[PDB]
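Here is the file query11.tsv (TSV, C-alpha atoms).
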```tsv
chain	number	residue	atom	x	y	z
Q	2	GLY	CA	0.00	0.00	0.00
Q	3	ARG	CA	2.97	2.29	0.61
Q	4	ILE	CA	3.60	3.09	-3.04
Q	5	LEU	CA	7.01	4.54	-3.90
Q	6	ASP	CA	7.37	7.39	-6.37
Q	7	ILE	CA	10.02	7.68	-9.10
Q	8	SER	CA	12.51	9.09	-6.57
Q	9	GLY	CA	12.11	6.15	-4.17
Q	10	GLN	CA	10.37	7.93	-1.29
Q	11	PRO	CA	7.49	5.88	0.16
Q	12	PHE	CA	4.19	7.66	0.75
Q	13	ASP	CA	0.44	7.09	0.96
Q	14	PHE	CA	-1.59	7.74	-2.19
Q	15	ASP	CA	-4.92	9.55	-1.80
Q	16	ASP	CA	-7.78	9.62	-4.30
Q	17	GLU	CA	-8.92	13.08	-3.19
Q	18	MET	CA	-7.88	15.91	-5.49
Q	19	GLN	CA	-5.46	18.29	-3.79
Q	20	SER	CA	-7.48	21.39	-4.69
Q	21	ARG	CA	-10.69	19.86	-3.29
Q	22	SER	CA	-9.26	19.66	0.22
Q	23	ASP	CA	-11.64	22.11	1.97
Q	24	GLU	CA	-8.58	24.20	2.91
Q	25	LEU	CA	-7.69	25.74	-0.47
Q	26	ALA	CA	-11.23	26.76	-1.45
Q	27	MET	CA	-10.45	30.50	-1.19
Q	28	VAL	CA	-7.08	30.35	-2.99
Q	29	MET	CA	-7.99	28.17	-5.99
Q	30	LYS	CA	-10.67	30.69	-7.07
Q	31	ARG	CA	-8.92	33.86	-8.26
Q	32	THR	CA	-10.36	36.49	-10.58
Q	33	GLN	CA	-7.71	37.34	-13.13
Q	34	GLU	CA	-5.78	40.60	-12.90
Q	35	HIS	CA	-5.49	41.34	-16.64
Q	36	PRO	CA	-2.16	43.17	-16.18
Q	37	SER	CA	-1.71	43.92	-19.90
Q	38	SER	CA	-3.93	47.02	-19.71
Q	39	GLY	CA	-1.68	50.05	-20.09
Q	40	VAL	CA	1.63	48.22	-19.70
Q	41	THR	CA	4.75	50.37	-19.46
Q	42	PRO	CA	8.15	48.72	-20.09
Q	43	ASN	CA	9.15	49.62	-16.53
Q	44	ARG	CA	6.15	47.74	-15.14
Q	45	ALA	CA	6.71	44.81	-17.52
Q	46	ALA	CA	10.28	44.57	-16.24
Q	47	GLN	CA	8.95	44.73	-12.68
Q	48	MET	CA	6.56	41.82	-13.19
Q	49	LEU	CA	9.25	39.82	-15.00
Q	50	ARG	CA	11.60	40.34	-12.05
Q	51	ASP	CA	8.84	39.36	-9.62
Q	52	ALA	CA	8.34	36.15	-11.60
Q	53	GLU	CA	12.10	35.53	-11.58
Q	54	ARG	CA	12.14	35.91	-7.80
Q	55	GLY	CA	9.37	33.31	-7.50
Q	56	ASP	CA	5.92	34.95	-7.70
Q	57	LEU	CA	4.76	33.62	-11.08
Q	58	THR	CA	1.17	34.94	-10.93
Q	59	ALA	CA	1.74	38.24	-12.75
Q	60	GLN	CA	3.82	36.57	-15.46
Q	61	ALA	CA	1.13	33.96	-16.09
Q	62	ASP	CA	-1.63	36.56	-16.34
Q	63	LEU	CA	0.53	38.65	-18.68
Q	64	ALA	CA	1.19	35.60	-20.85
Q	65	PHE	CA	-2.53	34.81	-21.00
Q	66	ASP	CA	-3.32	38.38	-22.08
Q	67	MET	CA	-0.56	38.24	-24.68
Q	68	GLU	CA	-2.01	35.00	-26.03
Q	69	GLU	CA	-5.56	36.32	-26.34
Q	70	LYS	CA	-4.74	39.90	-27.41
Q	71	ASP	CA	-1.97	39.80	-30.03
Q	72	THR	CA	-3.56	38.05	-33.00
Q	73	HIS	CA	-0.28	37.26	-34.77
Q	74	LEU	CA	1.12	35.85	-31.53
G	2	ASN	CA	-26.58	101.48	-13.28
G	3	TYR	CA	-23.08	100.69	-12.04
G	4	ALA	CA	-22.55	103.91	-10.06
G	5	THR	CA	-25.06	105.87	-8.00
G	6	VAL	CA	-25.48	109.64	-8.14
G	7	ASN	CA	-24.13	109.80	-4.58
G	8	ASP	CA	-20.79	108.60	-6.02
G	9	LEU	CA	-20.75	110.86	-9.08
G	10	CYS	CA	-21.39	113.81	-6.75
G	11	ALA	CA	-18.42	112.66	-4.64
G	12	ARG	CA	-15.83	112.01	-7.35
G	13	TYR	CA	-16.99	115.21	-9.07
G	14	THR	CA	-17.94	118.16	-6.88
G	15	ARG	CA	-21.67	118.34	-6.21
G	16	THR	CA	-21.78	122.08	-6.91
G	17	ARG	CA	-20.45	121.56	-10.44
G	18	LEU	CA	-22.89	118.66	-10.86
G	19	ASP	CA	-25.76	120.96	-9.87
G	20	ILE	CA	-24.46	123.59	-12.31
G	21	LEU	CA	-24.45	121.02	-15.11
G	22	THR	CA	-27.86	119.55	-14.19
G	23	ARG	CA	-30.01	122.61	-13.37
G	24	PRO	CA	-30.48	123.67	-17.04
G	25	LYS	CA	-31.44	120.21	-18.27
G	26	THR	CA	-34.40	119.80	-15.92
G	27	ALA	CA	-37.79	121.18	-16.95
G	28	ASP	CA	-38.40	123.43	-13.93
G	29	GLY	CA	-34.93	124.97	-13.72
G	30	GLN	CA	-34.08	123.89	-10.12
G	31	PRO	CA	-31.35	121.35	-9.25
G	32	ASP	CA	-32.60	117.87	-10.11
G	33	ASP	CA	-31.36	114.33	-9.55
G	34	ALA	CA	-33.09	112.33	-12.30
G	35	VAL	CA	-30.85	113.81	-15.01
G	36	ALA	CA	-27.71	112.47	-13.33
G	37	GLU	CA	-29.30	109.05	-12.86
G	38	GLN	CA	-30.32	108.96	-16.53
G	39	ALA	CA	-26.79	109.88	-17.60
G	40	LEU	CA	-25.38	107.19	-15.31
G	41	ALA	CA	-27.81	104.68	-16.83
G	42	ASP	CA	-26.67	105.63	-20.34
G	43	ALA	CA	-23.01	105.28	-19.33
G	44	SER	CA	-23.77	101.92	-17.74
G	45	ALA	CA	-25.44	100.87	-20.99
G	46	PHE	CA	-22.30	101.93	-22.86
G	47	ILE	CA	-20.10	99.86	-20.55
G	48	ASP	CA	-22.54	96.94	-20.73
G	49	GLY	CA	-22.31	96.95	-24.51
G	50	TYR	CA	-18.53	97.08	-24.32
G	51	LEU	CA	-18.42	94.18	-21.83
G	52	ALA	CA	-21.07	91.79	-23.18
G	53	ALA	CA	-18.52	90.46	-25.68
G	54	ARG	CA	-16.98	88.05	-23.16
G	55	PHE	CA	-19.09	88.28	-19.99
G	56	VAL	CA	-22.54	87.33	-18.77
G	57	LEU	CA	-23.82	90.85	-18.65
G	58	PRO	CA	-25.97	90.74	-15.47
G	59	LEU	CA	-22.62	90.69	-13.70
G	60	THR	CA	-22.46	88.29	-10.76
G	61	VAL	CA	-19.66	90.36	-9.21
G	62	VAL	CA	-19.05	93.95	-10.33
G	63	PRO	CA	-15.41	94.91	-11.01
G	64	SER	CA	-14.43	97.72	-8.67
G	65	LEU	CA	-12.96	99.93	-11.41
G	66	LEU	CA	-16.26	99.92	-13.30
G	67	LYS	CA	-17.63	102.52	-10.88
G	68	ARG	CA	-14.90	104.91	-12.02
G	69	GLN	CA	-15.40	103.90	-15.65
G	70	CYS	CA	-19.12	104.67	-15.36
G	71	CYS	CA	-18.60	107.97	-13.54
G	72	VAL	CA	-16.19	109.26	-16.19
G	73	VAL	CA	-18.47	108.34	-19.10
G	74	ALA	CA	-21.48	109.83	-17.33
G	75	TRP	CA	-19.52	113.04	-16.73
G	76	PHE	CA	-18.59	113.24	-20.41
G	77	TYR	CA	-22.18	112.51	-21.45
G	78	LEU	CA	-23.26	115.31	-19.10
G	79	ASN	CA	-20.86	117.84	-20.69
G	80	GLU	CA	-21.94	117.24	-24.29
G	81	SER	CA	-22.67	120.92	-25.01
G	82	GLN	CA	-19.18	122.27	-24.23
G	83	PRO	CA	-16.66	119.96	-22.54
G	84	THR	CA	-13.19	120.67	-21.25
G	85	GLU	CA	-10.28	119.21	-23.19
G	86	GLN	CA	-9.38	117.03	-20.21
G	87	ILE	CA	-12.90	115.59	-20.00
G	88	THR	CA	-12.70	114.59	-23.67
G	89	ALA	CA	-9.20	113.14	-23.20
G	90	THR	CA	-10.28	111.04	-20.21
G	91	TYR	CA	-13.37	109.86	-22.09
G	92	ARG	CA	-11.15	108.77	-24.98
G	93	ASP	CA	-8.90	106.98	-22.48
G	94	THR	CA	-11.81	105.09	-20.93
G	95	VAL	CA	-13.17	104.20	-24.38
G	96	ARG	CA	-9.71	102.84	-25.20
G	97	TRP	CA	-9.74	100.83	-21.97
G	98	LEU	CA	-13.20	99.43	-22.74
G	99	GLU	CA	-12.06	98.50	-26.25
G	100	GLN	CA	-9.06	96.71	-24.76
G	101	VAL	CA	-11.34	94.85	-22.34
G	102	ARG	CA	-13.68	93.80	-25.15
G	103	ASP	CA	-10.81	92.68	-27.38
G	104	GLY	CA	-9.21	90.74	-24.52
G	105	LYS	CA	-6.10	92.85	-23.92
G	106	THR	CA	-7.08	93.71	-20.33
G	107	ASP	CA	-9.38	92.03	-17.85
G	108	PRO	CA	-11.81	94.40	-16.09
G	109	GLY	CA	-10.57	93.41	-12.65
G	110	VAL	CA	-12.30	91.91	-9.62
G	111	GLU	CA	-14.46	92.90	-6.70
G	112	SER	CA	-11.97	94.44	-4.27
G	113	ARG	CA	-13.82	92.91	-1.31
G	114	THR	CA	-13.26	89.24	-2.19
G	115	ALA	CA	-11.13	89.30	-5.39
G	116	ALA	CA	-13.74	87.51	-7.51
G	117	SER	CA	-13.76	87.92	-11.28
G	118	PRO	CA	-17.07	88.11	-13.16
G	119	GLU	CA	-17.94	84.99	-15.12
G	120	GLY	CA	-18.86	84.84	-18.79
G	121	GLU	CA	-19.80	82.62	-21.67
G	122	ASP	CA	-17.23	80.38	-23.34
G	123	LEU	CA	-15.29	82.54	-25.80
G	124	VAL	CA	-13.79	79.41	-27.39
G	125	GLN	CA	-15.73	76.16	-27.74
G	126	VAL	CA	-14.97	73.12	-29.89
G	127	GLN	CA	-16.82	69.83	-30.34
G	128	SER	CA	-15.41	66.63	-31.80
G	129	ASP	CA	-16.72	63.12	-32.28
G	130	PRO	CA	-16.55	60.89	-29.18
G	131	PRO	CA	-12.95	59.82	-28.53
G	132	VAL	CA	-12.03	56.27	-29.54
G	133	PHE	CA	-8.55	54.71	-29.44
G	134	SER	CA	-7.45	57.50	-27.09
G	135	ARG	CA	-4.93	56.74	-24.35
G	136	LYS	CA	-7.74	56.89	-21.78
G	137	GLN	CA	-9.04	53.57	-23.16
G	138	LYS	CA	-7.08	51.31	-20.83
G	139	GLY	CA	-8.26	48.27	-22.78
G	140	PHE	CA	-6.03	46.69	-25.42
G	141	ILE	CA	-2.59	48.33	-25.02
```
What does this structure look like when you write it as structure tokens?
Amino acid sequence: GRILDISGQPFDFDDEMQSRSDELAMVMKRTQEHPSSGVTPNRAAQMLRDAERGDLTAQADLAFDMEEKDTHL
Amino acid sequence: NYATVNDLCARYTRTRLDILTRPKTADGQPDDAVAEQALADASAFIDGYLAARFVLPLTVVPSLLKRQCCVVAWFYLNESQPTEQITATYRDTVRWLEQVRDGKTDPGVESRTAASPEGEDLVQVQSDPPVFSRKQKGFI
């Protein structure tokens, strides 16, 4: 029952989805920022540096806006 | 009228005002309605020279306009035979009113609270509703 992963660390496998854990109900439901409204290169650099440091939220929203906005892209 | 007869008889000596007025009345005795009528005509003159860029029932009266009404009333009251100085000062105040109408000089304010009289929009432009302006934070 103690299934080992690829890295050889035993653990217990659970059928419950991690999001549906009754503890992350208010952090899995986020209304998107849409940061690509009035972007200035300074602010784009700021969000890129924030993503580099570890906070990937702004970068992901910016990428989503770039995907849906720029038709050639 | 902008100025009352009690101010015209103070800036200009009352005795000379009576001398100027007593012939014009019907009876021949010093009268006050002649001076008020002259002040009303001078105020009409100034009103015509100011209505170019002001709402004419002035919300606040510029404090110099009392002087500018007294001088024009005095000139209007010396129409038979005026002094050279009266004519020169009347020409000066006509020049000032022309400058005010053109826009070279503002009339002034009320000396009590330093408020300038309002007026209609001298310049007014209309365009189609703005689209693709920088205020449209969408897109970008």
message: Within 12 Å of (-2.0, 43.2, -18.7) in the file's own coordinates, which protein, DNA or RNA residues have an atom, counting only C-alpha atoms? List them as a VMD selection string.
response: (chain Q and resid 33 to 42 44 to 45 48 58 to 71) or (chain G and resid 138 to 141)
query: Residues at most 10 Å from residue 52 in chain G, counting all atoms listed in the file, excluding those fewer than 5 positions away in the same chain, as a list in words?
result: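 Within the cut-off, the hits are residues 47, 57, 58, 59, 102, 120 and 121 of chain G.
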- prompt: Residues around (-29.5, 118.6, -9.5), cut-off 8 Å, counting all atoms listed in the file - what are they as a list in words?
  reply: residues 18, 19, 20, 21, 22, 23, 30, 31, 32, 33, 34, 35 and 36 of chain G
Put those residues in a file: C-alpha atoms, as a PDB file, keeping the file's coordinate frame.
```pdb
ATOM      1  CA  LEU G  18     -22.890 118.660 -10.860  1.00  0.00           C
ATOM      2  CA  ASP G  19     -25.760 120.960  -9.870  1.00  0.00           C
ATOM      3  CA  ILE G  20     -24.460 123.590 -12.310  1.00  0.00           C
ATOM      4  CA  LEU G  21     -24.450 121.020 -15.110  1.00  0.00           C
ATOM      5  CA  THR G  22     -27.860 119.550 -14.190  1.00  0.00           C
ATOM      6  CA  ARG G  23     -30.010 122.610 -13.370  1.00  0.00           C
ATOM      7  CA  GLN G  30     -34.080 123.890 -10.120  1.00  0.00           C
ATOM      8  CA  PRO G  31     -31.350 121.350  -9.250  1.00  0.00           C
ATOM      9  CA  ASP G  32     -32.600 117.870 -10.110  1.00  0.00           C
ATOM     10  CA  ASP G  33     -31.360 114.330  -9.550  1.00  0.00           C
ATOM     11  CA  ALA G  34     -33.090 112.330 -12.300  1.00  0.00           C
ATOM     12  CA  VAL G  35     -30.850 113.810 -15.010  1.00  0.00           C
ATOM     13  CA  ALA G  36     -27.710 112.470 -13.330  1.00  0.00           C
TER      14      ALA G  36
END
```
- request: Please identify all polymer residues within 12 Å of residue 56 in chain G, counting only C-alpha atoms, omitting same-chain residues fewer than 4 positions from it, and present them as number ranges by chain.
  value: G: 48-52, 60-62, 117-123
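Between CA of residue 8 in chain G and CA of residue 78 in chain G lies a distance of 14.9 Å.
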- prompt: Could you pull the residues within 12 Å of residue 15 in chain Q, counting all atoms listed in the file, minus those fewer than 4 positions along the same chain, as an MDAnalysis selection string?
  reply: chainID Q and resid 2:4 19 21:22
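The two atoms in question, CA of residue 40 in chain G and CA of residue 66 in chain G, are spaced 11.8 Å apart.
Across the structure, CA of residue 39 in chain G and CA of residue 73 in chain G are spaced 8.6 Å apart.
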